[PDB]
Ligand SMILES: *[C@@H]1O[C@H](CO)[C@@H](O[C@@H]2O[C@H](CO)[C@@H](O)[C@H](O)[C@H]2NC(C)=O)[C@H](O)[C@H]1NC(C)=O
Ligand SMILES: *[C@@H]1O[C@H](CO)[C@@H](O[C@@H]2O[C@H](CO)[C@@H](O)[C@H](O)[C@H]2NC(C)=O)[C@H](O)[C@H]1NC(C)=O
Ligand SMILES: *[C@@H]1O[C@H](CO)[C@@H](O[C@@H]2O[C@H](CO)[C@@H](O)[C@H](O)[C@H]2NC(C)=O)[C@H](O)[C@H]1NC(C)=O
Ligand SMILES: *[C@@H]1O[C@H](CO)[C@@H](O[C@@H]2O[C@H](CO)[C@@H](O)[C@H](O)[C@H]2NC(C)=O)[C@H](O)[C@H]1NC(C)=O
Ligand SMILES: *[C@@H]1O[C@H](CO)[C@@H](O[C@@H]2O[C@H](CO)[C@@H](O)[C@H](O)[C@H]2NC(C)=O)[C@H](O)[C@H]1NC(C)=O
Ligand SMILES: *[C@@H]1O[C@H](CO)[C@@H](O[C@@H]2O[C@H](CO)[C@@H](O)[C@H](O)[C@H]2NC(C)=O)[C@H](O)[C@H]1NC(C)=O
Ligand SMILES: *[C@@H]1O[C@H](CO)[C@@H](O)[C@H](O)[C@H]1NC(C)=O
Ligand SMILES: *[C@@H]1O[C@H](CO)[C@@H](O)[C@H](O)[C@H]1NC(C)=O
Ligand SMILES: *[C@@H]1O[C@H](CO)[C@@H](O)[C@H](O)[C@H]1NC(C)=O
Ligand SMILES: *[C@@H]1O[C@H](CO)[C@@H](O)[C@H](O)[C@H]1NC(C)=O
Ligand SMILES: *[C@@H]1O[C@H](CO)[C@@H](O)[C@H](O)[C@H]1NC(C)=O
Ligand SMILES: *[C@@H]1O[C@H](CO)[C@@H](O)[C@H](O)[C@H]1NC(C)=O
Ligand SMILES: *[C@@H]1O[C@H](CO)[C@@H](O)[C@H](O)[C@H]1NC(C)=O
Ligand SMILES: [Ca+2]
Ligand SMILES: [Ca+2]
Ligand SMILES: [Ca+2]
Ligand SMILES: [Mg+2]
Ligand SMILES: [Mg+2]
Ligand SMILES: [Mg+2]
Ligand SMILES: [Mg+2]
Ligand SMILES: [Zn+2]
Ligand SMILES: [Zn+2]
Ligand SMILES: [Zn+2]
Ligand SMILES: [Zn+2]
Ligand SMILES: [Zn+2]
């Protein structure tokens with residue numbers, strides 16, 4: 001396409017020199033204290049997904065896109081995060097979360113607990129618990145919030161509150177007899193009982209909260225949507241019970257109630273907007289379900305009221321799922337939506353006292369190549385046909401996953417399919433049920449007080465140690481001590 | 001494997017708080033002036049490549065691998081660089097090196113010219129040349145060196161001294177008639193003539209220097225190692241004839257003469273170690289050819305004589321050819337070999353005066369992931385088998401290229417083959433003759449003075465401006481005016 | 001030009017539909033309490049002036065410019081403000097200030113008093129004083145700050161603390177002895193003595209604080225910089241004196257001191273960076289003198305301490321000087337600089353508890369136009385030459401001012417002149433020493449709590465009344481009324 | 001600090017029956033707060049300003065029966081530093097309940113009976129700063 005302004009060297013020079021001046025002003029560091037702390041987590045947002053979703057974002061504005069700036073791009077400080085679990089080389093959603101929430105690396109498949117546990121053997125839990133930064137914030141006075149698009153007892157959000165030996169123990173319904181009978185209690189149970197004054201909780205998981213076979217508020221006619229608690233416990237009610245009566249506690253289940261609440265009025269909030277995982281944003285109901293930006297806006301309004309500050313984890317957690325499904329147009333629109341939410345937060349707070357980290361737990365085997373010309377749709381085709389099998393190919397290609405498609409001994413001629421569809425699954429090399437995670441590092445975008453402390457190549461479990469220090473919470477208290 | 005020390009949460013807590021202590025000390029920025037600037041370019045060294053190579057270095061020491069620190073991993077300041085070309089969303093090795101060496105972004109396939117130059121069109125070069133940091137540093141009075149493992153007129157180093165409308169014009173042999181008509185000389189010519197006192201040149205490409213059909217000094221029988229020049233010019237000899245009279249000038253071609261040189265006592269070196277590209281470090285002749293770290297060290301020793309400092313450019317540029325061949329084992333080893341060069345360079349210069357920026361031009365469609373357990377070999381296999389055709393797969397997989405191996409509509413059973421061999425090509429999604437570049441972002445690593453200025457998610461063309469500012473060369477001399 | 005995307009109707013429809021989608025969501029009105037209040041005041045930044053300024057900001061980035069968004073362009077709520085003074089159809093710098101700061105229109109020439117007072121007559125200042133929103137806000141226990149690129153006692157910042165029957169009475173040197181004997185105080189004396197705890201005061205006007213003939217600290221070889229107080233008073237030392245017992249006061253005078261500051265250690269700041277008016281942004285000493293954005297940042301960094309909130313007045317006051325001189329490139333660069341400063345104010349505060357308001361006191365007779373093509377430089381020429389005298393002309397043109405040039409009965413052919421130059425005076429219709437104000441309306445831009453209350457075409461006095469209601473300060477404070 | 005649902009020395013009946021004191025209400029509204037007594041500062045009377053316990057006897061953990069500690073409740077001295085962490089003025093007695101078991105006293109260095117008591121090993125004076 002070649003924009004006309006970009007053929008002028010003065011353009012590229014002027015631009016780089018402006019960039020330089022800013023980097024010269026960034027030498028005055030922010031050594032304030034983090035009153036508030038916010039962490040964004042694109043589940044599965046590796047470095048390649050960041051780029052592809054920057055392109056996507058701008059392309060939704062009829063710009064070439066590669067020139068575009070994400071909201072996460074504007075963060076002054078970036079670093080790289082080594083993401084392997086003690087258990088495995090190519091890590092998982094949960095043990096990574098124990099790293100970047102609890103400050104301790106752990107075995108795959110285990111939340112809230114250290115490496116001294118094995119997965120699914122349950123007596124190995126006690127004495128091997130590590131508490132998260134969300135627990136550190138609450139014990140410090142702050143308000144704590146969790147916002148996600150996955151089940152609020154899924155792998156990423158659990159390690160903010162739970163301590164399980166298996167990520168799969170959503171309720172007692174999916175536990176084995178042994179773990180139950182050995183005393184262990186489900187993630188959905190631990191959401192309500194480990195920290196009982198979690199100010200904001202928003203996401204999915206309505207069906208893990210209600211007594212078995214109880215109908216759903218949204219879908220009566222759906223059986224798989226029905227309750228699963230073998231406890232017979234109404235955990236929505238167990239929740240309302242654990243909050244004082246002279247404080248306003250609201251439980252909502254749809255968008256309309258969400259955009260109806262008065263934030264200066266409510267004290268505790270539980271929004272459970274689907275039985276399990278929430279909608280893809282391409283798939284959402286503008287009526288019944290809210291967006292992630294909507295959840296995050298209201299969440300910060302409630303949590304802003306605490307004068308001690310607050311801590312808010314936000315999981316753009318459905319990015320992982322679009323990739324696992326091999327449906328990249330889903331993964332990428334999911335990531336753009338978590339960027340819209342990042343934008344919102346920066347508008348509702350101030351760089352001067354709020355430390356914001358955007359990062360990923362791990363990455364996927366999502367690539368895009370093919371020498372595509374400037375501005376070529378990210379879901380478009382590489383510019384000419386294969387050197388080998390003489391058929392065209394997509395710019396996006398996966399390393400493994402369900403896109404593998406050899407229609408009769410040869411690979412699909414994607415010219416008369418719709419690669420531009422929402423549920424198109426780009427080809428991969430190894431067919432599988434699901435696409436796997438990637439071992440490559442992920443970036444760490446930091447803004448606000450003490451953000452520069454996230455530098456270089458670090459281990460993933462360094463991430464919450466930085467934040468805890470900046471907000472004078474947790475184990476190290478030096479950034480507030482007069483001894484510093 | 002799950003190492004024992006790593007089961008104690010004290011272990012990780014102690015490590016992060018170690019890392020936290022280091023991070024606080026970096027609050028004392030290094031505001032010195034860059035006496036010397038050394039830039040390590042790894043042709044095609046994507047984020048995923050760096051991580052995979054970090055593991056391999058550690059696995060060559062029989063450590064688990066994932067917990068290793070490459071030499072480049074020890075740089076304090078990491079950033080993400082946006083790689084796209086004005087022309088091409090997925091860029092090439094030429095127009096990116098215009099950007100990270102001249103600070104201007106260009107069209108794919110051109111070097112040292114603005115985007116107002118159209119590829120292969122010679123009459124569009126005049127008036128659109130843009131000079132390089134290597135030029136800016138000669139003009140400030142420094143020693144300038146180029147040390148690559150590709151040809152010394154390959155697209156990457158050629159952007160440092162040349163201004164050419166097609167990466168492909170190696171000699172005048174490879175130039176169309178009307179391009180010679182119109183007047184613009186080949187690259188090999190420009191290497192000798194544009195900047196006629198380059199202090200160190202070293203790498204491949206010897207055949208491009210000698211006139212057509214002239215037996216190579218090393219490969220006397222080989223017919224493709226003969227010179228290519230219709231010029232008739234002996235450019236090794238022209239290189240000698242430009243240099244000042246009472247200064248000692250040397251031209252080497254085998255590894256032995258390199259180490260016999262006494263650096264304290266040579267002023268102008270030219271080492272041409274192969275008729276074309278130097279061979280992969282795995283096929284390196286201990287006898288006839290030096291390694292990157294051997295070329296680098298001898299180079300630095302000749303350059304630190306100049307009291308005004310030196311700019312060195314080092315390209316570990318067979319990383320790109322590695323991935324392009326699908327031979328992940330080649331490219332990873334190149335990457336590690338370039339890391340060894342980074343350590344050598346570090347122990348021959350001081351941080352207090354030497355800004356060392358390490359980055360890449362672009363990435364590749366190289367991924368790894370298979371849920372491989374901790375310590376797994378990087379070239380090894382994924383633990384359990386494909387859900388869709390029950391065959392095994394390698395943890396390393398490509399998005400395209402020559403690893404696509406269907407053996408009858410079924411995809412090759414790799415339990416049958418040596419998936420750990422050097423020239424083994426991991427499988428790909430789309431069969432192409434050559435694996436393609438990836439359009440995602442690449443890391444920048446920086447240590448030494450002003451290194452904290454390479455900080456965010458920035459355009460690729462930003463890099464040489466930081467370097468030129470740090471060093472008080474080129475356009476913005478502001479780091480050296482009276483302004484402390 | 002004609003960018004490639006703008007040829008496609010989907011582009012313009014997608015664009016509108018997202019502009020509309022945002023417009024809907026803005027229906028959930030922000031009714032919070034303005035903890036902090038920030039007012040940005042572009043002196044002379046009329047409506048024509050901010051269209052040209054938005055071109056300029058984007059043209060700096062090598063864009064065509066017209067599609068660029070300023071920072072204030074991003075505020076949700078726009079209004080038109082009727083600027084007329086009470087004895088002047090085309091208003092002045094000071095009497096408007098009485099309106100948009102004190103909520104009361106007044107006569108041209110007078111700060112901080114009502115329309116009862118006649119100019120240069122002190123014996124009508126007696127008992128005709130109106131207080132400003134700075135006073136009202138301080139009176140409710142907020143920190144308050146003034147940050148300007150004119151003198152800190154110029155016409156516009158003097159409406160926040162002074163009640164002076166003549167905007168010329170900068171110090172007592174400039175006052176007729178007839179008024180000194182009626183017993184009035186110069187604005188500079190009034191700064192330090194009326195509201196004695198203003199937390200930040202930043203700008204020009206240093207020479208009015210030191211005693212007469214006193215050699216100046218920055219430009220000492222020069223006597224138009226020397227002290228002017230006949231009082232013999234040292235109001236920098238007088239300023240340090242009225243501060244509470246255990247509080248840190250500074251007084252800084254150069255840019256190095258401004259960024260050395262630790263805003264966790266400075267309760268009262270005073271910063272006087274030039275003897276008189278500060279240097280145009282395009283002329284400024286990178287080293288001795290701070291930009292407007294630099295001053296706004298550490299001003300907010302200090303005032304963020306106070307837990308009750310703060311009020312801050314920011315005046316980009318040198319746009320008026322730029323137009324008055326006919327030098328559009330200075331006036332437009334001053335406007336862009338204040339925009340930068342408006343962007344900074346957005347990242348250091350949050351729109352949930354901060355109402356910020358961007359406006360101008362009045363406009364100028366600055367126009368621009370001549371069927372220029374798209375992307376044409378704002379300081380460039382119309383495409384065709386005058387069909388009458390066959391000579392080029394500049395897109396930017398003035399109603400009056402020093403721009404008028406006739407070289408021997410002949411209007412100046414301008415291809416022969418550097419009309420892009422930082423001091424070029426684009427041609428006018430009536431020559432004058434200084435170009436004049438405009439009597440047209442000026443926009444208001446408001447973001448944050450109760451910002452939607454600045455809504456239509458209102459009188460100019462109505463502005464601080466909305467700011468005061470929303471921050472629960474001053475005379476009407478039913479927005480906090482436990483109901 | 002507990003309602004009438006709690007039962008004395010039955011720890012697991014604390015959660016959900018805490019009631020907060022006027023001292024807490026006052027700090028929550030921004031007032032400075034102080035507690036000056038001549039008894040120990042974790043004695044019955046002042047403790048109701050900050051603590052919520054099921055037995056007044058639980059001055060430090062050294063006095064707590066283990067199943068109380070097992071069920072997680074913290075001793076009153078602990079709660080004095082942790083519950084409201086900005087009590088402006090705390091004056092009175094109870095120095096021994098603030099330091100780890102057997103640290104001699106700053107004032108009576110040769111008293112058996114005056115050594116620290118904390119099995120937490122904690123220095124609650126530093127905890128407090
Ligand atoms: C969102 O949830 C609210 C529940 O508060 C729904 O409103 C209720 O709808 C039922 C069905 O007619 C009424 O009997 C209730 O009186 C309503 N309550 C309130 C507070 O309005 C609402 O319909 C839901 N919206 C959607 C789209 O499902
Ligand atoms: C891949 O598919 C395309 C289209 O399905 C094939 O190309 C078309 O062949 C028909 C045959 O008459 C033409 O009418 C079309 O114009 C062709 N082009 C397109 C874009 O439709 C193509 O040959 C197929 N190639 C392989 C290797 O399968
Ligand atoms: C490395 O290069 C040197 C120089 O080209 C080689 O040495 C030459 O050997 C012949 C044999 O008679 C002599 O006549 C030349 O004069 C020698 N030159 C010099 C400079 O000594 C040497 O053989 C080469 N070694 C390898 C391993 O290739
Ligand atoms: C993939 O190849 C492997 C090895 O070539 C097959 O596995 C072996 O097959 C032989 C057949 O005689 C058995 O005796 C071995 O016990 C098998 N296992 C191993 C570990 O060697 C395997 O069946 C092939 N799978 C497919 C789907 O083709
Ligand atoms: C900015 O102001 C500071 C302080 O007003 C100046 O520092 C003075 O430096 C001289 C030496 O050059 C000392 O003798 C003085 O004692 C310092 N002043 C004070 C008040 O301590 C500084 O030189 C000024 N810088 C510029 C660029 O104008
Ligand atoms: C306005 O000035 C321009 C020059 O700045 C005049 O144009 C030149 O006129 C001479 C002869 O009169 C020609 O030789 C040149 O080629 C013209 N062009 C330039 C760029 O110099 C123009 O005629 C003047 N017009 C009026 C009405 O005064
Ligand atoms: C847990 O129970 C199992 C019974 O299968 C036993 O073998 C194991 O030793 C127990 N673990 C511990 C830590 O006691
Ligand atoms: C949401 O509203 C838009 C209005 O433009 C409509 O086109 C869209 O179909 C609605 N949502 C979905 C999921 O379709
Ligand atoms: C560049 O060369 C071509 C080759 O003949 C010529 O046709 C063309 O006109 C030249 N470019 C311009 C701008 O004239
Ligand atoms: C290089 O030399 C080492 C020992 O010096 C030898 O063991 C190795 O096999 C050689 N490698 C090649 C590729 O020639
Ligand atoms: C007060 O103002 C009047 C205006 O009519 C003037 O004549 C008179 O002299 C003033 N007062 C004094 C004491 O001069
Ligand atoms: C201000 O600094 C810049 C450095 O980039 C320089 O180019 C410019 O000329 C300087 N101008 C003044 C007036 O100091
Ligand atoms: C207290 O403990 C007893 C057994 O020690 C238990 O049965 C009872 O349920 C507990 N109380 C509560 C309120 O859970
Ligand atoms: Ca719903
Ligand atoms: Ca050789
Ligand atoms: Ca000055
Ligand atoms: Mg997840
Ligand atoms: Mg190369
Ligand atoms: Mg003014
Ligand atoms: Mg008592
Ligand atoms: Zn995940
Ligand atoms: Zn996952
Ligand atoms: Zn390359
Ligand atoms: Zn004015
Ligand atoms: Zn004016």
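Easy rule for this one: first residue shown is 1, then count along the chain.
Using N, Cα and C of the backbone, Cβ positions are placed for all residues, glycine too.
These features come from Swiss-Prot:
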type	residues	note
BINDING	C:43, C:156, C:315	Mg(2+) binding site
BINDING	C:43, C:93, C:361, C:362	Zn(2+) 1 binding site
ACT_SITE	C:93	active site, phosphoserine intermediate
MOD_RES	C:93	phosphoserine
DISULFID	C:122-C:184	disulfide bond
CARBOHYD	C:123	N-linked glycosylation site
CARBOHYD	C:213	N-linked glycosylation site
BINDING	C:218, C:273, C:274, C:289	Ca(2+) binding site
CARBOHYD	C:254	N-linked glycosylation site
CARBOHYD	C:286	N-linked glycosylation site
BINDING	C:320, C:324, C:437	Zn(2+) 2 binding site
CARBOHYD	C:413	N-linked glycosylation site
DISULFID	C:472-C:480	disulfide bond
| So which of the binding-site residues is most packed in, judged by how many other Cβ atoms lie within 10 Å of its Cβ, out of C:324, C:362, C:437? | C:362
| query | Reduced to three states, what secondary structure does DSSP give residue C:274 (Ca(2+) binding site)? | reply | coil
| task | Under 6 Å from ligand 5 by C-beta, which of these binding-site residues make it: C:93, C:218, C:273, C:315, C:324? Sequence order, please. | result | none
| query | Out of C:43, C:156, C:286, the recorded positions in the record, which is closest to residue C:437 (Zn(2+) 2 binding site) when you go by Cα distance? | reply | C:43
| Looking at the recorded positions C:93, C:184, C:254, C:286, which ones sit with their CA no more than 10 Å from the CA of residue C:274 (Ca(2+) binding site)? | C:254
| field | Site of maximum Cβ density within 10 Å, from recorded positions C:93, C:123, C:213, C:254, C:286 | value | C:93
| query | What residue among the binding-site residues C:289, C:320 has the most other CB atoms lying within 10 A of its CB? | reply | C:320
| remark: One of the recorded positions C:93, C:213, C:315, C:472 has its Cα closest to the Cα of residue C:273 (Ca(2+) binding site), namely C:315
| said: Near residue C:218 (Ca(2+) binding site) in space, meaning Cα within 10 angstroms, which of the recorded positions do we find among C:93, C:122, C:156, C:184, C:254, C:472? | reply: C:254
| query | Should residue C:437 (Zn(2+) 2 binding site) be counted as helix, strand, or coil on the basis of DSSP? | reply | strand
| note | Given the Zn(2+) 2 site C:320, C:324, C:437, its other Cβ neighbours within 8 Å of the Cβ centroid, in chain order, are C:43, C:44, C:93, C:321, C:323, C:362, C:364, C:434, C:435, C:436
| So of all those recorded positions, C:156, C:320, C:362, C:413, which one's Cα sits nearest to residue C:472 (disulfide bond)? | C:156
| field | From recorded positions C:43, C:122, C:184, C:254, C:315, the one whose Cα lies nearest residue C:362 (Zn(2+) 1 binding site) | value | C:43
| DSSP state at residue C:93 (Zn(2+) 1 binding site), helix/strand/coil | helix
| Which of C:184, C:472, C:480, the listed disulfide-bonded residues, has fewest other Cβ atoms within 10 Å | C:480
| task | Fill in the CA-CA distance, residue C:324 (Zn(2+) 2 binding site) to residue C:286 (N-linked glycosylation site), as an integer in Å. | result | 25
| When neighbour density is defined as the number of other C-beta atoms within 10 angstroms of a residue's C-beta, which of the recorded positions C:156, C:413 has the lowest density? | C:413
| said: Other than C:43, C:93, C:361, C:362 themselves, what residues in this chain have Cβ atoms within 8 Å of the centroid of the Zn(2+) 1 site's Cβ atoms? | reply: C:41, C:44, C:91, C:92, C:96, C:97, C:155, C:156, C:320, C:360, C:437
| said: Give me the long-range Cβ neighbours of residue C:361 (Zn(2+) 1 binding site): same chain, 6+ apart, Cβ under 8 Å, in sequence order. | reply: C:41, C:43, C:44, C:83, C:91, C:93, C:96, C:97, C:100, C:156, C:442
| Cβ within 8 Å of the Ca(2+) site's Cβ centroid: which residues qualify beyond C:218, C:273, C:274, C:289? | C:204, C:206, C:253, C:254, C:255, C:272, C:275, C:278, C:279, C:285, C:288
| Looking at the binding-site residues C:218, C:273, C:274, C:315, which sits with the largest number of other Cβ atoms within 10 Å of its Cβ? | C:315
